[PDB]
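This report refers to the structure that appears directly beneath it.
Bear in mind that the values in this text are calculations on the coordinates, not laboratory data. Here the Cβ positions follow ideal geometry from the backbone for every residue, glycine too, while neighbour counts run over all protein chains shown.
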Amino acid sequence: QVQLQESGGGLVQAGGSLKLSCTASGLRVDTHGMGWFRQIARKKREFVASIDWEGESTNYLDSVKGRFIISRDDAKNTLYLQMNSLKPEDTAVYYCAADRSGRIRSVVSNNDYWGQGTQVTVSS
């Protein structure tokens with residue numbers, strides 16, 4: 001019955017910002033590893049960012065470090081991705097993921113749960 005629901009996607013101009021949301025049901029964000037992945041091409045779903053159960057340890061894909069910020073509101077049971085300095089190559093469906101281990105696994109399908117995704121499209 002676990003649901004992860006992405007929102008906040010959209011069409012944005014290069015250099016713009018978006019904040020994605022992942023509202024979790026049937027699990028607590030403070031007991032799971034929570035993360036973001038993106039399907040950047042047909043054969044590739046890449047890691048974007050993670051935050052571990054304790055809410056202190058974060059990891060970023062090298063290509064988004066310094067542009068994207070992962071956050072979480074435990075009371076609202078919501079995961080966020082602040083996306084700054086957006087560029088065309090960020091265009092993808094973004095997916096949130098959760099793992100009972102307390103830390104996100106490198107590959108979506110090694111995580112317990114993933115959502116249906118939200119489209120982020122970055123134009124010129």
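Structure notes:
- Given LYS19/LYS43; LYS19/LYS65; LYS43/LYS65, the pairs whose alpha carbons are separated by over 20 Å: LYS19/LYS43; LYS43/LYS65
- Using all pairs of distinct alpha-carbon atoms, the Kirkwood hydrodynamic radius of the chain works out to 14.1 angstrom.
- Averaging the sequence gap over all C-alpha pairs within less than 8 Å and six or more residues apart, then dividing by the number of residues, gives region 40-84 a relative contact order of 26 percent.
- In loop segments of region 29-84 as defined by DSSP, the trypsin sites (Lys or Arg not before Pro) with at most 13 further C-beta atoms inside 10 Å of their C-beta are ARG42, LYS43, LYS76.
- Per-residue HN-Hα couplings for region 70-78 [Karplus 6.51, -1.76, 1.60; θ = phi - 60°; Hz; x = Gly/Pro]: 8, 9, 7, 10, 4, 5, 7, 6, 10
- Taking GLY15, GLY55, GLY33 as the candidate residues, the one with maximal mean-square fluctuation in a Gaussian network model of the chain, Cα springs under 10 Å, is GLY15.
- Excluding exposed DSSP-loop GluC sites (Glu not before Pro) (at most 15 other C-beta within 10 Å), longest clean stretch of the chain: 57-124
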